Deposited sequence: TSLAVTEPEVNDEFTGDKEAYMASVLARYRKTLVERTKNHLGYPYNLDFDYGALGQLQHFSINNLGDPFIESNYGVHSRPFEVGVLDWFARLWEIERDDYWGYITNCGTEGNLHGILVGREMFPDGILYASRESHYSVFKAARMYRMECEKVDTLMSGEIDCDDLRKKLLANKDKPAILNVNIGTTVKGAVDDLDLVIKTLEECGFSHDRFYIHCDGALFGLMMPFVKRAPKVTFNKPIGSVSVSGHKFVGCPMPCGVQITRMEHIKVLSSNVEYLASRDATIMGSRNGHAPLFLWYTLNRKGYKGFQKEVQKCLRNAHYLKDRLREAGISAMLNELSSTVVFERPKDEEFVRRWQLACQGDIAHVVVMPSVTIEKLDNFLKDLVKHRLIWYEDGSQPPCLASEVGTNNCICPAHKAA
């Protein structure tokens, strides 16, 4: 479709027919947005937010040019808010105000673009090593920045296989190593074992001064910190940088995120942001929610998302449907709906014969129960022909599959 942009009539100042046409379009649009929001499950966006308190600020063009810390003569900005937000993220990952540098990004890809660019200026001859299941932005960065990339193999879970990382590293002891570590993969919600990655690096003869790690924690990077007894991402380990998405867990009307690296790394980048003009509203949104919820509030919500993910998985198994849920994940991978109009209604994310539900704060038991009824109901129709579902052990592991051959 398209909604054309047509010239107003010569009469328009008298008749107001444009504003009237547009009002209906927007009304119609809004209605469809409301229902799409209601019935969304597939993507890692928290749809539950109230920024009514920021209502009176929405009409200014707030723009944080360049560095959050350097001042600029453009006065319509929100740097004090940005800095407060950054400080909070620094404290979260155990780096002191004076050691870190960071900024609020447009999105998850920008974070990956920034961290990887940093890695490259650290080690201009570095190879980029990354899981095959790391996000496409990682590989795009390699192409954009003209870097050799070595795609590491993956376990069933979607984790990086650190044994294949050994092979790769050893074969390239010649040159330094730039790593992309996934804190929650797009597809299976896998968490690369940071510690085993660091371990592998050292015992392949890469000392700290000869590698750089970016942690892409878009989704789960903000959730893991609040999981008790979970390997921490922290600048107390040889971590270069961490990206995380605002529009994912926090819930924002605009996409945004937070890139945090070390001060030392940013001087060796000698304006250190990928983008120039930066949406000064994003800092306000993040400032308001962090202030409102705290470590405490985030803890509650993470625990709930895990509980509800575990609920969804259990309930799928009981219904006969094979499903999987990694540790350190709110994302449930189950067998793809057959009629993929059901996929579009529920805005599910699909690949091969698998689909996933990312359980965010906005995803509620009521809404899961609604999904489950409508799934079971449409399952009967899809498979009334005596036809059976696909076997799923290829995708998810035999220990997780329920097909006739497995019930394992």
query: Deposited-sequence stretches lacking C-alpha coordinates, listed in sequence order; finding: 271-279, 418
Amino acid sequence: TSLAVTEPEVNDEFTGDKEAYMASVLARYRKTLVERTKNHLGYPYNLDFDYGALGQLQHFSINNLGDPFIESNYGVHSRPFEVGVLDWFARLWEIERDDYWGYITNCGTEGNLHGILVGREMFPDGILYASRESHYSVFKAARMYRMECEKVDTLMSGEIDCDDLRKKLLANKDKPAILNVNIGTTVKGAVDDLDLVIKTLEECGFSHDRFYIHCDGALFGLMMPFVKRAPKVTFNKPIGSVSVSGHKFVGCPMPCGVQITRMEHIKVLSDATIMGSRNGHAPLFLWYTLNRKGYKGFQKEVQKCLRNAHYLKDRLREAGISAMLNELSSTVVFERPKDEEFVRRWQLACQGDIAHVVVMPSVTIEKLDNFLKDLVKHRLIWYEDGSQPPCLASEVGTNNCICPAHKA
From here on, numbers count along this sequence of modelled residues.
property	result
Mean temperature factor over C-alpha atoms, higher-scoring stretch between 320-328 and 255-263	320-328
Of 33-41 and 52-60, the one with larger mean CA B-factor	33-41
Out of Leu86, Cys215, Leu219, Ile178, highest CA B-factor residue	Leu219
Out of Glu82, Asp164, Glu110, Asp174, highest CA B-factor residue	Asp174
CA B-factor placement of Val359, once the chain's modelled residues are sorted into thirds	middle
Lowest, middle or highest third - CA B-factor, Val10	highest
Where the record places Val396 (Cα B-factor, split into thirds across the chain)	middle
CA B-factor placement of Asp192, once the chain's modelled residues are sorted into thirds	lowest
Among modelled residues of the same chain, the CA temperature factor third for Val76	lowest
